[PDB]
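Quick notes on the structure that follows.
Note: ideal-geometry Cβ built from the backbone for every residue, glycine included; neighbour counts use all protein chains shown. Just so it is clear, none of the values below were taken in a lab; they were calculated from the coordinates.
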Amino acid sequence: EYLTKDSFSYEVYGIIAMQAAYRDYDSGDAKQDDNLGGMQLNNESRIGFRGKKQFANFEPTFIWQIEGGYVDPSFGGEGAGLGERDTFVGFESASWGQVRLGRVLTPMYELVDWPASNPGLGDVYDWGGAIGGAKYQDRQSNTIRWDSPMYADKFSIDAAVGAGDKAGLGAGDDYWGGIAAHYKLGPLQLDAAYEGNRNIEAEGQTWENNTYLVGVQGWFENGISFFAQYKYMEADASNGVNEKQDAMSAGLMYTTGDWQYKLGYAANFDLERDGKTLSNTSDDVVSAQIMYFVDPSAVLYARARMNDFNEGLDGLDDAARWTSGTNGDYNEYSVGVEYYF
Amino acid sequence: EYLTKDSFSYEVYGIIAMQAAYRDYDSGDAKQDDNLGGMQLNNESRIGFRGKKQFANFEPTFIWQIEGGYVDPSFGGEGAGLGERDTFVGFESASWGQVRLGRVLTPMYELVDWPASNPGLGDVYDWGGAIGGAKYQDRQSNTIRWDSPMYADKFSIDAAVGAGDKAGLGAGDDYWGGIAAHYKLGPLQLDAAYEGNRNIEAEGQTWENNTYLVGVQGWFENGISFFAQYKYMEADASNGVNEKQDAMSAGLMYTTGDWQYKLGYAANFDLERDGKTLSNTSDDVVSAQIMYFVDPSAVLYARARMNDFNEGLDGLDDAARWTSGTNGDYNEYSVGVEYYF
Amino acid sequence: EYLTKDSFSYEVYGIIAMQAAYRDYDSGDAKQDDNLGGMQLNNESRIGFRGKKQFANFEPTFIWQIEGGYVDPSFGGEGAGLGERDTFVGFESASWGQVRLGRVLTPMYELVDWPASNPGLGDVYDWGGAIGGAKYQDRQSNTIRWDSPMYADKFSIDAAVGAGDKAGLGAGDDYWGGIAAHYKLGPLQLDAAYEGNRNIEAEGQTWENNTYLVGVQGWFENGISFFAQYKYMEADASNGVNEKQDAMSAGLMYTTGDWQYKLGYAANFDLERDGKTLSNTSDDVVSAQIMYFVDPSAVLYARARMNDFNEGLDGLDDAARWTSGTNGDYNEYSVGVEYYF
Ligand SMILES: CCCCCCCCOCCOCCOCCOCCO
Ligand SMILES: CCCCCCCCOCCOCCOCCOCCO
Ligand SMILES: CCCCCCCCOCCOCCOCCOCCO
Ligand SMILES: CCCCCCCCOCCOCCOCCOCCO
Ligand code: NA
Ligand code: NA
Ligand code: NA
Ligand code: NA
Ligand code: NA
Ligand code: NA
Ligand code: NA
Ligand code: NA
Ligand code: NA
């Protein structure tokens, strides 16, 4: 008659996240600036379901999750389905960690996103950049991913392979594989990652991409913390063209009582095609944030950032290649709340 | 081990609503009548999640809600995302009421919908009418809305501002602001509202709209209740054209034991453009309903209505302006159930 | 303060289902084979809500359900809305069974799907076939369905009528009706069903379809179980053309301890148009499966199947008629898990 934790085979969880963001664009076209700029709300709130089950006849515990998408992001319409964010089944056991099948972050993307896309560094460092093909996937369906245990309390590995975007619709044979490693050393964590994408169809060619990342995170007792990463992207097209572009991201934090101050910087350097530097193909971003720990489950923040994007380039089909800079440079001021349950 | 109300940081709620609706169209084209008319089911059922949190370091209580859309409405395909209906975050405190950010009803729209679009008066009084620009938003994303407390147990105010439909996609600079007030006087409630829409792009112009509303609702001890509203819509286009149209809606109810009888009527009067009446631009609807209070949480109803729409007009670009009458006049018989938990 | 079953007016339920499926196509075009074939994950996981209410003033119990769609199927993108699968309201009472309004399986479709489309026989026997018009609906909105009680513990009937696919959007006047009956006697069940579709618009004509089904299922105590069905499809177009096609499906199972071995076969025979057999319009599939009962609430399985589809035909507008064979023959190896809560 009376319920316990065991009465249910699932848990609802949520991230309630609302940002009010004012953008000021300087694209060169005043109408486009009026259109893209101004105040919006960016509602990144999402609901998920998850659970576990010890099957009677198999030792590794079954796990599963189904996570909804952002319910009303800026620049988009209302509503999200279930299964748009990390959504998987899997198994776990103490001695070998976990394996997940479904829709998860790639090992490389996970590091690109956290720590290195925060606060607002993502237009440059996440999906920014000018390279052809596919530098990496991000959250990707049709994936198998292994997460190792924390060996000797210090070292862990994440490895995955998956189908590409066209392959997932029965429209291509693209695929990828990736791996990351993490090592904890006193106040530091060292990070390294790789992703290779193959059979990528774009601009009339087939591409292979290889992306490499090295990074550090540190947390010191006097309240200073930081991160830094360097990311190296290479791409080869089936007509013989080679491209390379590198990038970096860094952040510095000072935490005192219920406050975190943060500065962030990220940059993509000029792209190189067949040994030649394409001028003005770099991007950068500077960001400042103050965050208040309003509760153990929530934060309030204020943020200011300035994005200075590349001036454009063509792809290998002689048409403009789309980048995060195609819509122009902008600055943004924002405030927000996030709450976790 | 045993659960309480406090074990969860969310509540699921729902409105389970099904209507079987038979429409008989008289559009002037027999094939169109056959297509638009006939029996459908209108499943307006929806699920929502909501909760609150007292943040340790902030006095006003945090509130949130994520509401799904109608799961299978008539004239539409199956399935709704989370966040299609009222979906927001906010804060509340006894002395100042509540503030919500996200997707909510405008102050004007809320009164236009309830009481004045029920039962089935909405084709005329909600989204019906012939005026250019945007007479008002309805449920709108990118909104901040304040709801005052009930001052002196009599008077309350709802005020809001938000981004327009194009601005929410980064495709324009439309916006709007609105306010409503409610005053209790014996068995009556008096209502007034305003909305102003700006930078609305349509028919090759930019438009400003101003809409005003005044109303009454009454509930008497002998079982009679009623509502009546008058609504005045004005619009100015950037080429100098002015338009005006007004409207009304009224309803009379008799409640006895577990039954409510209801008659409803709404009309849009002829539109005026630059001081000249456009003939046959009016609409009206008459509706009758019997409702049974089948449970404290539910109702059953039967409803009959007749819609007589305008005979068409052009917009300022010399093409037909779409209205709720464009698909033709129709009558409708329906039965339904609604249940709340 | 403490919660019971009665504290909630709804239950969450789910089917967590993941299949890893490798397809090898032989379409005649090596690029198309590369595109459609390869490994995908087919995530058929879904979440639902359901509940009941005894209304104070009505004896038949109110029932409802809202079921989400597959969260990330193969050949499709991520995310599903609530209300994509069986989503309805209804009433139930011991003496007359249940009545549902909304989105449910048709009586014919329910038998076509289970037992007769498992394991992987659906390309041929569910949506396969070459006949014009609409052989039957499957899961359909705008439906009323009655499920009788089990009379004398042996005999039951399911009957339904509904609006068609165009009618549901206000774009046509299609409709259907169907019925099925089941008789249980010792270790056998006999099945029979019918569906008639009317006013179906396709290929420049209006169609009527009539589809008939007879079947048997058996379950014996020595671990042998089986099913077999015969399905007869007839269609008449408004220009006088008659089409007929028949089909079958059968399966044999052997269950011992926690294992089920299964073989399945289904076929569509050559279609006949105006008394003439259209050569090479048949399809068939053979499938083998081993299933392990890993828990009382879950299964693991491995499956191999070979599909051999028709070589194409034209519809009555002299263009290719789409069938489940249009993309070419393929074989498939898969493994999966399903778990129910
Ligand atoms: C980007 C890297 C940021 C590094 C932040 C500083 C980390 C720690 O600095 C404080 C050093 O702690 C040792 C204290 O040294 C002073 C000791 O003086 C003598 C008293 O015993
Ligand atoms: C302690 C680490 C210090 C690292 C300093 C290296 C900074 C590199 O800055 C230049 C990279 O290019 C980014 C600037 O791009 C701006 C956009 O350019 C407009 C036309 O491309
Ligand atoms: C508080 C009592 C409210 C009394 C409501 C009376 C409403 C009168 O009916 C108006 C509907 O008129 C329908 C057709 O008339 C068209 C004339 O156009 C100009 C409007 O004055
Ligand atoms: C369409 C033809 C498929 C026929 C397969 C029938 C095989 C079933 O074997 C039954 C023999 O049973 C011997 C053992 O009986 C144990 C008690 O069973 C009670 C009835 O299930
Ligand atoms: Na804008
Ligand atoms: Na939005
Ligand atoms: Na991708
Ligand atoms: Na119709
Ligand atoms: Na519908
Ligand atoms: Na709007
Ligand atoms: Na493929
Ligand atoms: Na998929
Ligand atoms: Na259908």
Original post:
Considering only the label points, 7 Å along Cα→Cβ from Cα, what distances in nm to one decimal separate C:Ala171 from the same position in each other copy, shortest first?
Top reply: 2.0, 2.0
Original post:
Which value in Å does the Kirkwood hydrodynamic radius of segment A:230-277 take, with 1/r averaged over all unlike C-alpha pairs and then inverted?
Top reply: 13.3 Å
Original post:
Can you list, shortest first in nanometers, how far A:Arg50 lies from the same residue in the other copies, with each label 7 Å from Cα toward Cβ?
Top reply: 2.7, 2.7
**OP:** Could you compute the FRET efficiency for B:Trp259 and C:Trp96, with r as their C-beta to C-beta distance and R0 at 25 Å, rounded to 0.05?
**Re:** 0.45
**OP:** Starting with the fewest neighbours, write out C:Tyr25, C:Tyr232, C:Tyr125 ranked by other beta-carbon atoms found within 10 Å of each beta-carbon.
**Re:** C:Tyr232, C:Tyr25, C:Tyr125
Subject >> Inter-copy label distances at B:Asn280 (7 Å, Cα→Cβ; nm, one decimal) >> reply: 6.0, 6.0
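Given only helices, namely DSSP H runs of n ≥ 4 each adding -39500 (n - 2.57), what is the per-residue ellipticity at 222 nm of chain B, to the nearest 500 deg cm²/dmol?
-1000 deg cm²/dmol
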**OP:** Would you please classify the overall shape of segment A:266-330 from the alpha carbon gyration tensor, given that a ≥ b ≥ c denote the square roots of the eigenvalues, rounded means a/c under 1.5, and beyond that prolate means a/b larger than b/c while oblate covers the rest?
**Re:** prolate
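Please rank C:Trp176, A:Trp207, fewest neighbouring Cβ atoms within 10 Å first, as an exposure proxy.
A:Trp207, C:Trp176
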Subject >> Rg over Rh [alpha-carbon atoms, Kirkwood Rh] for chain A >> reply: 0.97
Original post:
What ranking do B:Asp318, C:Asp295 get, fewest neighbouring Cβ atoms within 10 angstrom at the top?
Top reply: B:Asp318, C:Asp295
**OP:** Quick one: compute the contact order of chain C, relative version, from alpha carbon pairs under 8 angstrom and 6+ residues apart, as a percent.
**Re:** 15 percent
Subject >> Charge sum, other residues only, whose C-beta stays under 15 Å from B:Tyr151's C-beta, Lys/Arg counted +1 and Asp/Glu -1 >> reply: -1
